[PDB]
């Protein structure tokens, strides 16, 4: 139904696939490098054009938000989405971002806007 798209199987720019915090799904997660512009870009397929709720499963073991810009097929989707603390790195949490998609194959990209980089990201589901 909802379909999982694992971060570690996506296109990663300035990040690393890791597995040293428990509770991820798939074979690991992406640890964004601690730079602005680090990103993950998923290739997804949906049956019809329209709105989709993209459920981002992430962790942030710090008190500082790590915001992401989301874009869809190269156009901004959601700007400045905060990813706040989860207390600990294994405390994976979800946040929903609504992204407009075309029927069929689309790319969804989440890029870090601050020098902190992104939260750790397990997957998106939609």
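Numbering follows the first chain given and starts at 1.
The PDB entry records a higher mean C-alpha B factor for 69-77 than for its counterpart among 42-50 and 69-77. Taking the mean C-alpha B-factor of each stretch as recorded, 97-105 and 54-62 are not equal, and the higher mean is that of 97-105. Highest C-alpha temperature factor among 30, 91, 82, 36 per the entry: 36. Residue 4 sits in the middle third of its chain by CA B factor, as recorded in the PDB entry. Per the PDB record, residue ranking by Cα B-factor puts residue 15 in the middle third of the chain.
In the deposited entry, the Cα temperature factor of residue 118 sits in the bottom third of values across the chain's modelled residues.
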